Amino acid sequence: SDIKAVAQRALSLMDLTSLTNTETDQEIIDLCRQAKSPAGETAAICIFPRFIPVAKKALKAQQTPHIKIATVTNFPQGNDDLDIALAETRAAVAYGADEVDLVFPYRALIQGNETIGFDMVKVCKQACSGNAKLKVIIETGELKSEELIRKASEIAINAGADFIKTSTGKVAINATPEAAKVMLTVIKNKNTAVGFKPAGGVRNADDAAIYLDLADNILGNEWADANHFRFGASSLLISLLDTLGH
């Protein structure tokens, strides 16, 4: 089968994630070590903001500057308080984050407020400029309908998202093929320089193949590189390594 090539590609696109909120410094350092895997480096790691300085030091020491540090803000609830989301994003940037995964206020959109979503992504993009990329989590599992998923994707991109992301991993339904298709379609129609990040429930190479196949069909075989595509996952890495015989 084609499963090993898929596994290799997926691994290089991973945001290797630990978000238990009870990590120790040692566990953060181990995560940095694991990101440098026998089958190549992941695109990035993803951790809570306070761990960024320890991670930055660990990544420098093992000489992996191409492994970026992602973090999360307004996470995971996606509340509609702009001052809080902005302060957290500024802090993340001040910590040294390379990327900030911001949770879009999806409940406010559901209730019919499209403005708060736009304003929040916009100010957080401004705060990131010259320091970090902005990924926006729209929580497709809660948005449910194709209409809202499309809408949220369009608003996020209009407001300045560098990536659009499916899920926080913290609700019942996270990444799904149908949600992925809608978001990739919005990217193709609006801005192919905006990246896509399926996250939550991506267990193995088979799952990974689902989303890579969609990106390939919709935007072309060459589109999904580390600057256009990420897998938000944790235990996926162990699975991929096993598929690759490590």
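Position 1 is the first residue in the sequence shown; the rest follow in order.
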Query - Between the two ranges 187 to 195 and 60 to 68, the one averaging a larger CA B factor in the entry - result: 60 to 68
Query - Higher-B stretch (mean Cα B-factor, as the entry records it), 41 to 49 or 24 to 32 - result: 24 to 32
Query raised in the report: At the C-alpha atoms, which of 98, 147, 101, 139 reaches the highest B-factor in this entry?
Result: 147
Requested in this report: In terms of CA temperature factor as recorded, identify the highest of 111, 166, 74, 126.
Outcome: 111
Requested in this report: Comparing against every modelled residue in the chain, figure out the third that the C-alpha B-factor of residue 200 lands in (lowest, middle or highest).
Outcome: lowest
Query raised in the report: Considering only modelled residues of the same chain, in which third does the CA B-factor of residue 235 rank: lowest, middle or highest?
Result: highest
Query raised in the report: Compared with the other modelled residues in the chain, in which third is the CA B-factor of residue 160?
Result: lowest
Query raised in the report: Should residue 117 be placed in the lowest, middle or highest third of its chain by the C-alpha B factor in the entry?
Result: middle
Query - Third of the chain, ranked by Cα B-factor, where residue 209 sits - result: middle
